[PDB]
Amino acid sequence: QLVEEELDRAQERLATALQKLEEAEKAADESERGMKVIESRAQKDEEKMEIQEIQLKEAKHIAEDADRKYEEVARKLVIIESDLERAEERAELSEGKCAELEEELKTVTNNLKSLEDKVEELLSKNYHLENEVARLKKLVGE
């Protein structure tokens, strides 16, 4: 009669196996839907890095430009400065000249005032000598 005596053992065999499978798909469906989230986190983080690298790339340019800007205003301040230290030396020069020129004009003006008295002394001498010659000349000859 067998065709039922062990159709019980068939359906029971299918029972045990089947819900082994059940369990396994439960793992399948889950593992791969969970992974799918972790794998979309990678696809977001790869683009995040992609921007951030065309960002860091701009920041480096922006900063190399800002350093060149600084190196140029600062070479420009080496030059104005050396040109100011020249102007300074040309004003000191030209003003240590004045200072010698004014000590020159000082001694010469002392000579001029001094020679101005001399004409005033002799003018006193002569007037007296012209008087006492008209005197000693009236007391006698003509």
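In case it trips you up, residue 1 is the first one in the sequence shown, and so on.
If you average the C-alpha B-factors over 31-39 and over 75-83, the higher value belongs to 31-39. In this entry, the higher average B-factor at the C-alpha atoms falls on 109-117, of the pair 93-101 and 109-117. For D65, the recorded CA temperature factor ranks within the lowest third of the chain's modelled residues. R9: CA B factor lies in the highest third for its chain, per the PDB record.
When the modelled residues of the chain are ordered by C-alpha B-factor, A17 sits in the middle third. Ranked by C-alpha B-factor against the other modelled residues of its chain, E58 falls in the middle third. Placement of the Cα temperature factor of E88 within the chain: lowest third of the modelled residues, per the deposited record.
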